[PDB]
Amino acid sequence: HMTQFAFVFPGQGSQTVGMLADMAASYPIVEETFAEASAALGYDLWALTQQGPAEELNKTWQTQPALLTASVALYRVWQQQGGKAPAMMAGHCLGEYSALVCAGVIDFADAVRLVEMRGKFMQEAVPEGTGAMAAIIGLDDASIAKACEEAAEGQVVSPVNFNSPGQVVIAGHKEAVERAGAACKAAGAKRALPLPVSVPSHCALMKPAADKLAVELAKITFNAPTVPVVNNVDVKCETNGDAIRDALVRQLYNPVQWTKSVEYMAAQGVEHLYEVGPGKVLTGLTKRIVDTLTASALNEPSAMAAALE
């Protein structure tokens, strides 16, 4: 009972061809979890994650169930080997769905179908090749908002993810994103890095997609969470079904408050964040938000073993 920890769940952009291959080879429950997802989706999700190509893995209505299933499989490895539940959970963007499954709010197969539809609604609202997301590194929030306002030119572009001090993600129309990134660099930003996502999440272009998502979420049972989950849009731990549904709807077209979410967990006494998903994106953010927090990833078998001991 010594060190309090949370589980954090990554979102779109963290997928890679071949992710979780070592974990699956050690733990049969990984591929059993993908077989459940695959039955709900009508195709073999494990093969897509392992063979690709990256062009297919990067299409958002396939990206989202792939990442969700990867995170749920890692949580099932943890629990199967006797790991205890975390003190709280927070999911980054699509990761909020993975946290809600692991907390017992949404049934796993329901969630798999739900995030496939969410990707389809998002792609419908902003078609393939027309939107973009970019990570602006090392520039104050006043300047980025000014760069975005001046670069719109009748299009949409705005800051959507407050990921850390010194990292804000912007999103909107592809050409608007390029003009805003150039102006950010011209204003003193260290980098304007394009991200491997096929839709611009959390910007106003997603508002019609959120209207359709509200109707789909109404058709799904929500249970009371067994572990507190901090949501992205309000930085709140909701328990009622209607509150959680509304926060998912609003997440699609409002900013993700990841900095404030990690501050809140630390203020509740969390000392270590484990990243439950592929890649190390959330781990790389943690110390820039709260210098006294530590973080690590649970996507390799050796890391899993060391954390369980």
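Sequential numbering from 1, following the sequence displayed.
The stretch 134 to 142 shows the higher mean C-alpha B-factor when 103 to 111 is compared against 134 to 142 in the entry.
Look at the C-alpha B-factors of 205 to 213 and of 94 to 102. On average they run higher in 205 to 213. In the deposited coordinates, the residue among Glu116, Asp234, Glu178, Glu238 with the greatest CA B-factor is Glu178. Out of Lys219, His173, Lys84, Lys120, the entry records its largest CA B-factor for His173. The PDB entry assigns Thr226 a C-alpha temperature factor belonging to the middle third of its chain's modelled residues.
Per the PDB record, residue ranking by Cα B-factor puts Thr60 in the middle third of the chain. When the CA B factors of the chain's modelled residues are split into thirds, the value for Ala307 lands in the highest one. Sort the chain's modelled residues by C-alpha temperature factor and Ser158 lands in the highest third, per the entry.
Per the deposited record, the Cα B-factor of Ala54 falls in the highest third when ranked against the other modelled residues of its chain.
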